[PDB]
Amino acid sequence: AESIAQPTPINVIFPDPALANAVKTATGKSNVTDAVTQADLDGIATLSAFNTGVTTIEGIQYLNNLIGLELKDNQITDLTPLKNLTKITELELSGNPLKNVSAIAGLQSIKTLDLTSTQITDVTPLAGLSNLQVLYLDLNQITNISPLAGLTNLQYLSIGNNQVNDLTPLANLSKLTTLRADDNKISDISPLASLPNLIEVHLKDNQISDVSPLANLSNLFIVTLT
């Protein structure tokens, strides 16, 4: 567990004013210049700073018991302060210019991960996130899904607006109920025949000729194509 040395002002620990403002609210303090103890930081379960101009998450390392982090539509480039967090289950980083997600590979506790529009090309760091249930990878430039093959707890996978051409890595994800994959380079959907719990399959703007692998899936509410 990580710990501040003494009582420190919130805007020293969290140099980003937007994130400072969110910790001020989460700790019940009056001003970002007010002091917090490590106990105040250890009582933050969830932190939300959606669309507030956050550019750095320095200070987050002290939030030992953080469970949910909602940081959609900010301008965060460095995820290093998250590295050693051990209880985060919900991480929402949609819209941030991440470029890669190497820094999250150790976050084994993550159940829900949103990496929509993060300018990523590669999901190799996700292979160790064995507890992942909900994954959004939409609006990136991802080609290879091989690193997801061991993510056997996945129920919801969204990979729309990428450059994916092979669904073979999805063959063992037997808990999947939703696959959203509009606007990719998919032509063979044979892998989906071994996914019996599929309810919703979105496959618009792909290059699919043969829908036989869907014929035996008995829980299917909708498949979409163009």
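All residue numbers are counted from 1 along the displayed sequence.
Trainee: On average, are the C-alpha B-factors higher in 131-139 or in 144-152?
Mentor: So the stretch with the higher mean C-alpha B-factor is 144-152.
Trainee: Taking the recorded C-alpha temperature factors, which stretch has the higher mean, 205-213 or 11-19?
Mentor: For C-alpha atoms only, the mean B-factor is higher in 205-213.
Trainee: Checking the entry, which one of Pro196, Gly53, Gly160, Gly59 has the top C-alpha B factor?
Mentor: So the option with the highest C-alpha B-factor is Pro196.
Trainee: From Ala181, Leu66, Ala39, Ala49, can you pick the one with the highest C-alpha B factor in the entry?
Mentor: Result of the comparison over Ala181, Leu66, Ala39, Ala49: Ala39.
Trainee: Mind checking which third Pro97 falls in for C-alpha B-factor across the chain?
Mentor: According to the entry, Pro97 has a C-alpha B-factor in the chain's lowest third.
Trainee: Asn74's Cα B-factor: lowest, middle or highest third of the chain?
Mentor: Bottom third by C-alpha B-factor.
Trainee: How does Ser109 rank on Cα B-factor within its chain, lowest, middle or highest third?
Mentor: Middle third, going by the recorded CA B-factors of the chain.
Trainee: According to the PDB entry, is the CA B factor of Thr80 in the bottom, middle or top third of its chain, that is, lowest, middle or highest?
Mentor: Middle third.
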